[PDB]
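*Asks:* Following this: a sequence and the matching experimental structure.
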Amino acid sequence: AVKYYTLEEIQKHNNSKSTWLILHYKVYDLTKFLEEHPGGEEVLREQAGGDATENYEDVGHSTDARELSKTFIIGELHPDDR
Ligand code: HEM
């Protein structure tokens, strides 16, 4: 099965308690990854609650980074909001 979230509910996860963001229509919960991110947490918090696909691809993450990102996927963006 697959869980779908709307932009409306995703935007609510941008506080000290929860940090979600969208990348290529997938929703990631990076709450616990903020302090481990080699790129720092400020760059993630700034994109929280929205689509950060361009900024993500702009930096050109390595293969290993993309493999690791999969562990943080909690669902996908609802088809109606794409
Ligand atoms: C999906 C979660 C993400 C994972 C697993 C992740 C992982 C990493 C890793 C492992 C690196 C080290 C370099 C590399 O291997 O490419 C890195 C660097 C970096 N990340 Fe991320 N990242 C994520 C999302 C993002 C997002 C959304 C942004 C910005 C909007 C971002 C901005 C950066 C920057 C600026 C660097 C440093 C690049 C440099 O020093 O040249 N990352 N990230």
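*Replies:* Structure received. Numbering: from 1, shown residues only.

*Asks:* Next up, the contacts around residue 24.
*Replies:* Applying CB atoms under 8 Å, 6 or more residues apart in numbering, we find residue 24 in contact with residue 53. (C-beta placed from N, C-alpha, C; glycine too.)

*Asks:* any idea how far the nearest residue to residue 11 once chain neighbours are set aside is from residue 68?
*Replies:* Spatial nearest neighbour of residue 11, excluding adjacent residues (CB to CB, 6 or more residues apart in numbering): residue 49 at 4.3 Å. Distance, residue 49 to residue 68, using CB to CB, to the nearest Å: 22 Å.

*Asks:* higher neighbour count, these two?
*Replies:* residue 49 (20 against 13; other CB atoms under 10 Å).

*Asks:* can you confirm that one is in a strand?
*Replies:* No - under DSSP: H, G, I helix; E, B strand; the rest coil, residue 49 sits outside any strand and is assigned coil.

*Asks:* separation between the residue in the chain positioned nearest to the ligand and residue 15?
*Replies:* Nearest residue of the chain to the ligand, counting by CB to the nearest ligand atom: residue 39, 2.6 Å away. From residue 39 across to residue 15, the span is 20 Å (CB to CB).

*Asks:* that older thread, what number of residues lie near the residue nearest to the residue of the chain closest to the ligand when sequence neighbours are not counted?
*Replies:* Leaving aside its sequence neighbours, residue 39 sits nearest to residue 59 (CB to CB, 6+ apart; 7.1 Å). If you count neighbours by other CB under 10 Å, residue 59 ends up with 11.

*Asks:* For residue 1, see how far away residue 59 is.
*Replies:* Distance from residue 59 to residue 1, by CB to CB: 32 Å.

*Asks:* Spatially central, which residue of this structure would that be?
*Replies:* Centroid check for the chain by CA atoms, centre = their mean gives residue 21 as the closest residue, at 2.9 Å.

*Asks:* follow-up on the earlier one: make sure the residue nearest to residue 39 is actually in contact with residue 38.
*Replies:* No - if you go by CB atoms under 8 Å, residue 59 and residue 38 don't touch, sitting 10.6 Å apart.
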